[PDB]
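Contents: one structure, followed by commentary.
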Amino acid sequence: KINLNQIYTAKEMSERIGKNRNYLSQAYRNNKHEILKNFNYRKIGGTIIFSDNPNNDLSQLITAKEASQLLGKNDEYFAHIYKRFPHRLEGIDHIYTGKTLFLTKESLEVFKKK
């Protein structure tokens, strides 16, 4: 099960490895695969997300907007709930980073059941 405490943007991950904040974003733009091959990352909507834990399956992450749409709701459905009624997402694994709220495929299923 994905550990959402180990999920960062490229800029934060670049600082976690002791590099300038643009290091991984520049590697991704310039196709520096000999660097990138060593990292667990994924493009998820408009954010390249990284984890320092190779066992986190980043394909389980989904944006709040995508989650909203898979429920047949307005794009801002989960965003609006998170902001005003954050306890509605108790027990729904989520993480906010890079100014973006993310759920998981499993936590969306939990929410649908709730």
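In the structure tokens, chains take letters A, B, ... by order of appearance, with residues numbered from 1 within each chain and ligands from 1 in the order shown.
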Closest-contact table, region 29-107 of chain A side, partner region 4-23 of chain A, 6 Å, counting only C-alpha atoms, as a tab-separated table:
```
residue	atom	partner	partner_atom	distance
A:48	CA	A:10	CA	5.9
A:49	CA	A:9	CA	4.8
A:50	CA	A:8	CA	5.4
A:51	CA	A:7	CA	5.0
```
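In this model, the gap between CA of residue 24 (chain A) and CA of residue 78 (chain A) comes to 29.2 Å.
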Considering only helix (DSSP H, G or I) as DSSP defines it on the backbone, what residues of chain A qualify? List them as a VMD selection string. chain A and resid 4 to 6 10 to 16 23 to 29 33 to 36 58 to 60 64 to 70 77 to 84 86 to 89 105 to 113
Out of chain A, which residues get strand (DSSP E or B) from DSSP, as a PyMOL selection string? chain A and resi 8-9+40-44+47-51+61-63+94-97+100-104
Keeping C-alpha atoms, export the residues of the selection given above as a PDB file, in the first residue's frame.
```pdb
ATOM      1  CA  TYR A   8       7.077  14.946  -3.357  1.00  0.00           C
ATOM      2  CA  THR A   9       7.252  17.165  -6.304  1.00  0.00           C
ATOM      3  CA  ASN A  40      10.778   6.363  -8.689  1.00  0.00           C
ATOM      4  CA  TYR A  41       8.736   9.041 -10.504  1.00  0.00           C
ATOM      5  CA  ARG A  42       5.591   9.450 -12.633  1.00  0.00           C
ATOM      6  CA  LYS A  43       3.847  12.215 -14.516  1.00  0.00           C
ATOM      7  CA  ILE A  44       0.566  12.718 -12.807  1.00  0.00           C
ATOM      8  CA  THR A  47       3.159  17.427 -11.869  1.00  0.00           C
ATOM      9  CA  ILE A  48       6.178  15.044 -12.059  1.00  0.00           C
ATOM     10  CA  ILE A  49       5.877  13.228  -8.769  1.00  0.00           C
ATOM     11  CA  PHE A  50       8.707  11.419  -7.063  1.00  0.00           C
ATOM     12  CA  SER A  51       9.145   9.073  -4.118  1.00  0.00           C
ATOM     13  CA  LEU A  61      -2.104   8.218  -7.257  1.00  0.00           C
ATOM     14  CA  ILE A  62      -4.770  10.185  -8.924  1.00  0.00           C
ATOM     15  CA  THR A  63      -5.609  13.808  -8.865  1.00  0.00           C
ATOM     16  CA  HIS A  94      -4.918  11.635   0.344  1.00  0.00           C
ATOM     17  CA  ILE A  95      -1.989  13.973   0.132  1.00  0.00           C
ATOM     18  CA  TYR A  96      -1.717  17.647  -0.747  1.00  0.00           C
ATOM     19  CA  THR A  97       1.558  18.714  -2.404  1.00  0.00           C
ATOM     20  CA  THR A 100      -2.546  19.782  -5.761  1.00  0.00           C
ATOM     21  CA  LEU A 101      -4.737  17.347  -3.857  1.00  0.00           C
ATOM     22  CA  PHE A 102      -4.239  13.637  -4.782  1.00  0.00           C
ATOM     23  CA  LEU A 103      -6.253  10.552  -3.741  1.00  0.00           C
ATOM     24  CA  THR A 104      -5.516   6.916  -4.490  1.00  0.00           C
TER      25      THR A 104
END
```
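Going from CA of residue 65 (chain A) to CA of residue 77 (chain A) covers 7.5 Å.
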Contacts of residue 3 (chain A) at 9 Å (only C-alpha atoms; same-chain gap of 6+ positions) as JSON, numbers by chain: {"A": [53, 55, 56, 57]}
Would you save the residues from that selection as a PDB file, in the first residue's frame, using N, CA, C and O atoms?
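As written to disk, part_5.pdb reads:
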```
ATOM      1  N   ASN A  53      10.970   6.048  -1.972  1.00  0.00           N
ATOM      2  CA  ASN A  53      10.748   4.624  -1.655  1.00  0.00           C
ATOM      3  C   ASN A  53      10.412   3.868  -2.929  1.00  0.00           C
ATOM      4  O   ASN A  53       9.407   4.149  -3.528  1.00  0.00           O
ATOM      5  N   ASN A  55       9.272   1.103  -3.362  1.00  0.00           N
ATOM      6  CA  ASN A  55       8.076   0.228  -3.315  1.00  0.00           C
ATOM      7  C   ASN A  55       6.768   0.948  -3.386  1.00  0.00           C
ATOM      8  O   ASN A  55       5.667   0.351  -3.395  1.00  0.00           O
ATOM      9  N   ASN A  56       6.845   2.310  -3.433  1.00  0.00           N
ATOM     10  CA  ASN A  56       5.573   2.996  -3.671  1.00  0.00           C
ATOM     11  C   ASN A  56       5.132   3.003  -5.142  1.00  0.00           C
ATOM     12  O   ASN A  56       5.866   3.489  -6.007  1.00  0.00           O
ATOM     13  N   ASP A  57       3.952   2.428  -5.389  1.00  0.00           N
ATOM     14  CA  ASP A  57       3.436   2.343  -6.707  1.00  0.00           C
ATOM     15  C   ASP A  57       2.733   3.650  -7.068  1.00  0.00           C
ATOM     16  O   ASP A  57       1.567   3.883  -6.675  1.00  0.00           O
TER      17      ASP A  57
END
```
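Separating CA of residue 80 (chain A) from CA of residue 92 (chain A) is a distance of 15.1 Å.
With distances restricted to only C-alpha atoms, A:1 is the closest residue to residue 106 (chain A) from A:88, A:29, A:73, A:1.
Distances here use only C-alpha atoms; by that measure, the residue among A:35, A:113, A:76, A:2 closest to residue 54 (chain A) is A:2.
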